[PDB]
Undergrad: 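To start, I am sharing the structure in question, which I have written as structure tokens.
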2 protein chains.
Amino acid sequence: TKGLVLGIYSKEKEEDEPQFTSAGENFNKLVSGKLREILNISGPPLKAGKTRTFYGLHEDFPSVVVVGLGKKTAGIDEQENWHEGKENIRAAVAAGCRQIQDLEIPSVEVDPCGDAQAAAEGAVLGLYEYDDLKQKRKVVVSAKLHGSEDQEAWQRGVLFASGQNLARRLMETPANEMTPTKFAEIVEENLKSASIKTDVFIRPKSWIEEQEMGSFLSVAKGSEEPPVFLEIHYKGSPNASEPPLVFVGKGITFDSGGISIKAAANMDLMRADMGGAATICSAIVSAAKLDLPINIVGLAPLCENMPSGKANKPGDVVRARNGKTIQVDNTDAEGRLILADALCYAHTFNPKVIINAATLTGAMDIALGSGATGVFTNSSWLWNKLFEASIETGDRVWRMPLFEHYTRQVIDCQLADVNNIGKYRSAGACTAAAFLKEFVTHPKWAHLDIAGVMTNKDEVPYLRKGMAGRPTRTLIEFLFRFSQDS
Amino acid sequence: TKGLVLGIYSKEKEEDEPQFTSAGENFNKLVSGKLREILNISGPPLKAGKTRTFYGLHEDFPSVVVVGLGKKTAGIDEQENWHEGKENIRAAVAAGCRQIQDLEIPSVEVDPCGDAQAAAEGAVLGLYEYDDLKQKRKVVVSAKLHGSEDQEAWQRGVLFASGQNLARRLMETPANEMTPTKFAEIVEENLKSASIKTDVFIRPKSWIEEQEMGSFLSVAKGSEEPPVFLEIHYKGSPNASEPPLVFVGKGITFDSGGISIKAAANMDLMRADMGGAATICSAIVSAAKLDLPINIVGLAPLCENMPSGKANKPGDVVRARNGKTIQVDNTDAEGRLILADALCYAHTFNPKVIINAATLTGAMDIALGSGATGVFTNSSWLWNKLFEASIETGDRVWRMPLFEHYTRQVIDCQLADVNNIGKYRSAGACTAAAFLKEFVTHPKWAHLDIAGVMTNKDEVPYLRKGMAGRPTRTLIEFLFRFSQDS
Ligand SMILES: C[C@H](CS)C(=O)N1C[C@@H](Sc2ccccc2)C[C@H]1C(=O)O
Ligand SMILES: C[C@H](CS)C(=O)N1C[C@@H](Sc2ccccc2)C[C@H]1C(=O)O
Ligand code: NA
Ligand code: NA
Ligand SMILES: [Zn+2]
Ligand SMILES: [Zn+2]
Ligand SMILES: [Zn+2]
Ligand SMILES: [Zn+2]
């Protein structure tokens, strides 16, 4: 059994009937107009993201799912900050593929819908499900481009989507499996499979201690799970000495909050508190697969945050790699602690830019939810590049303020140079960002608080319920454009 | 006794000593160099916002307070989104005036510090205190410009600051005094004192019922305090038919949350839940005092949100003026309910723009705190105008997303067209904004969630602890520039 997903646009006022994509019209022609005929008979027109299934139209395609693509000329939506057409395609195709999968069809050919990359992303992101630990699973669906004219674009979409799906897998996987060591090993095998122009160092605790990362170590010690500092190098630049772009990701494989223990409700989701590491590492893996002509370094401090007889204690003062002391008033604000040391280390690479990602604050979720990743940056150039890339990917970013106003609230510290929690409970994502900035001197640094986009329920149509792996594609697009432009 | 506030800048590397402002150097000359001499003797240089008091330098000024103005050439700070020099002046002067007041001196002359408006704002905003109900009060200080060359700029500052102080007074005043009726009467007398080219209508409940404002009425009915719909007109345009700019403000004189009752802790601050009305009305009063050549309409639905035998009940469905039904799942999300009707009414004026302000969500506070007012708008032109004005005033704004992503979460309603609370608890300010947008069809609408800037502790140096009256000056500046530019 082989399924087929075909797109149809919303009817324009000047048109007598909704128009099929080129593939749709061709298939209709192939079946002597039976597709149009049955679609007409089926009832109301298919709107954006809606689907309808027709059976027995062609011996090779017992199941044909037509999906609504919305307005054919839908481009950049000035109000939504994204290319609407691409988003329509991703959603429609995802919906179509899910329908094919529900019919238990193992193979599906997908209409490029005028944008093969978007179509591929919809199919690949849409079909993804982390079901490795389930006895009962949906049929594995192999999605392929319908036709052979948009191959590179289609594969580009598969690549981008696969990068995000890698992040989703890493985030979704339970923490007892996805330990710091396991995460590092999976990223290592993926990066090495992507290109041999790579180096991966799964730095052990001894190295971390040697690097004087007391902040990171303070978080890790509460747990019996060994911490690791993942360092990955992708040497894509023609010039080996070319300064690299450095990505840093919060890799808390599991966050119980530590002594400042979290509430039980939905704490299981904290297995994705390493989403920052997942997204930046996956983006680098994808950059390597794209063979981007740039040098990139990925840094991911990985550990668990657990309560125990040797765990971080509220009030404890720890020393970051840069010598700055930190008062750990709340052990559940551990992401900024490990990032302090990772960000310090990031400067040793004399990077062109430093971008960190982290499921850093619930405040970010309360601020923008899953609508967009919050971006704190001291460079409007960098903000604009990330923003422009997000318009293309649809995985939106929204700028958040890096004001001294917030810095003042974290450096007002009773015992040390900086407190790991603001003196007020307001603007949690902003004070967390201000804290990170105290460990950054680089002129082009961007902090992405992805706590709000850590999961998906139904907000992003082409992502099934679960860890979202956002905004991996936006980072990939950013890297791609940087390798071409910047 | 008459005090004197003089400014001194931070020493530049090329300078041999920190430089006084023109007024400072002149005074020093007047006292034969004794000011410089004593300042030198006093110790370390005065940094931005710091002050030092010197006594007996001149028979007419027994107390002279020198204040640090920071870098003389401090201009627009690209990272802080404000004119740093103006902010330095406001803070320094406020500090100086507070010192003069502590010395119980009733009159103070203030150095224009190279920017008389900023100096005036610092003095007027800085000295303000709502102490009408206190037996023990600080000495009333009369601040005046030192010299007579920067009079218009100084008075402009006093005007802007007075506008904000009016908002602060309205917000700070206890709700049993600042009732809907009282608020309306105070705004009325202030607007009428500002210009005779005005009309004020304190619309009674009967009018509100006539206007079919069922949403607004649903909120008000729980309380015995009569609701009023304040409608103010400022006819500043040379052309009476010139479309007006319409401002709308949430005027909940007191919010107990209603049946969805609030927690006791700090609920007293909800006497400022009419801050939206306070800021937009005050801005209009100030626009009138500035005699801006534009037509402006101010709309402020005013009422209390109280629990009682006839109060809004969770689940109740009310009908807005535009016929849209609203499911009131949480009676404490009442601001959007009254704004729905006010925003609908705003369209009847065929306005050029519609800007509403409201202490709408705690989510906004969690998002940006008092760092900046969150601005939701469907017009980048409008956003940019507000942003540019905020750079000048220092009362910053930060854009927040108006995405369908959030709309979907409020129109997913069990009983009606729209639910007054999102289906998820994330992005509270965004879903609240999305709710408002369902009552807006205008192409240039901006919603300002000022919940985070409702109060000040010490974030804004020139504002004493209490209701902040923000971002009144930014609205005034916006209006001023619009009357000149747009
Ligand atoms: C998503 C983050 C990172 S794991 C997180 O859970 N935080 C960070 C801080 S916020 C915070 C909460 C209360 C007082 C001070 C800060 C602690 C914890 C929390 O919200 O209680
Ligand atoms: C500042 C605002 C306006 S008065 C406010 O207090 N809200 C608005 C809503 S948010 C909300 C809270 C829980 C569920 C749904 C929405 C209710 C109340 C609150 O936070 O509990
Ligand atoms: Na995980
Ligand atoms: Na009040
Ligand atoms: Zn935590
Ligand atoms: Zn965490
Ligand atoms: Zn309320
Ligand atoms: Zn309220």
Side-chain angles (χ1 to χ4, degrees), chain A residues 130 132-133 166-180 182-183 186-187 250-255 268-279 281-282 302 304 359 454-455 466-469, chain B residues 130 132-133 166-180 182-183 186-187 219 249-258 260-262 267-279 281 301-306 312 330-339 357-365 420-421 428 432 449-451 454-455 466-469:
Chain A
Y130 174 67
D132 284 5
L133 314 177
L166 174 57
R168 298 169 73 189
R169 166 194 167 191
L170 297 171
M171 291 171 74
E172 197 74 68
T173 302
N176 60 318
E177 171 54 34
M178 191 57 59
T179 60
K182 189 64 178 182
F183 174 97
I186 297 177
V187 169
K250 169 184 175 180
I252 295 295
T253 55
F254 187 75
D255 187 17
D268 67 279
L269 297 177
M270 294 314 296
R271 60 176 175 283
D273 204 30
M274 34 58 70
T279 53
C281 284
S282 294
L302 295 140
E304 299 183 337
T359 45
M454 187 179 86
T455 69
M467 304 310 178
Chain B
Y130 174 67
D132 284 5
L133 314 177
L166 174 57
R168 298 169 73 189
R169 166 194 167 191
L170 297 171
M171 291 171 74
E172 197 74 68
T173 302
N176 60 318
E177 171 54 34
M178 191 57 59
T179 60
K182 189 64 178 182
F183 174 97
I186 297 177
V187 169
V219 177
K250 169 184 175 180
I252 295 295
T253 55
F254 187 75
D255 187 17
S256 68
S260 300
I261 204 164
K262 293 175 175 298
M267 202 203 298
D268 67 279
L269 297 177
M270 294 314 296
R271 60 176 175 283
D273 204 30
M274 34 58 70
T279 53
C281 284
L302 295 140
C303 71
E304 299 183 337
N305 188 26
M306 298 287 275
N312 249 166
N330 187 309
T331 69
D332 195 11
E334 84 300 321
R336 66 197 76 183
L337 297 183
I338 76 174
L339 286 171
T359 45
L360 206 64
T361 66
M364 191 63 243
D365 180 69
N420 86 321
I421 63 169
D449 193 330
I450 62 167
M454 187 179 86
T455 69
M467 304 310 178

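We count ligands from 1, going down the list as the structure has it; atoms in each ligand are counted the same way. Reminder, nothing fancy here: chain letters follow the sequence lines and each chain counts from 1. Heavy-atom basis, side chains included; hydrogens, waters and symmetry copies ignored.
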Undergrad: Please find out if the Zn ion (ligand 8) and some N, O or S atom of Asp332(B) are separated by less than 2.8 Å.
TA: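 Looking at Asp332(B), which is the residue asked about, there is no N, O or S atom under 2.8 Å from the Zn ion (ligand 8).
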
Undergrad: Strictly under 2.8 Å, is any N, O or S atom of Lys250(B) next to the Zn ion (ligand 8)?
TA: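 Yes - counting backbone and side chain alike, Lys250(B) has an N, O or S atom under 2.8 Å.
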
Undergrad: Between atom NZ of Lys182(B) and atom OG1 of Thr253(B), what is the distance when rounded to the nearest 0.5 Å?
TA: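 If we round to the nearest 0.5 Å, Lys182(B):NZ and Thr253(B):OG1 are 13.5 Å apart.
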
Undergrad: When you measure from the side chain of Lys250(A) to the backbone N and O of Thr359(A), does any donor-acceptor pair fall under 3.5 Å?
TA: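 The answer is yes, because a donor-acceptor pair under 3.5 Å joins these two groups.
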
Undergrad: Less than 3.0 Å away from the Na ion (ligand 4), how many protein N/O/S atoms can be counted, ignoring water?
TA: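 Considering protein N, O and S only, the Na ion (ligand 4) has 4 within range.
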
Undergrad: Taking just the N, O or S atoms of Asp273(B), which one is nearest to the Zn ion (ligand 8)?
TA: OD2

Undergrad: Could you give the distance from CZ (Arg169(B)) to CG (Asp132(B)), rounded to the nearest 0.5 Å?
TA: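 Going from CZ on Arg169(B) over to CG on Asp132(B), the span is 6.5 Å.
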
Undergrad: Measuring from the Zn ion (ligand 8), name the closest N, O or S atom belonging to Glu334(B).
TA: OE2

Undergrad: Applying the side chain to side chain contact (heavy atoms under 4.5 Å, CB included) criterion to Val219(B), which one of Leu337(B), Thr331(B), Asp255(B) satisfies it?
TA: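 So, applying the side chain to side chain contact (heavy atoms under 4.5 Å, CB included) to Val219(B) and each of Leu337(B), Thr331(B), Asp255(B), only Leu337(B) qualifies.
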
Undergrad: For a quick test of reading the model, state the closest non-hydrogen atom pair linking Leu170(B) to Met274(B) and the distance between them.
TA: O-CE, 3.2 Å

Undergrad: To the closest 0.5 Å, what do you measure between CE (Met171(A)) and CE (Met454(A))?
TA: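 Reported to 0.5 Å precision, the distance equals 6.0 Å.
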
Undergrad: So do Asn312(B) and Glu334(B) actually touch side chain to side chain, heavy atoms under 4.5 Å?
TA: no

Undergrad: When you look at NZ of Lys262(B), are more than 12 heavy atoms from neighbouring residues, nucleotides or ligands closer to it than 6.0 Å?
TA: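 Above 12, so yes.
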
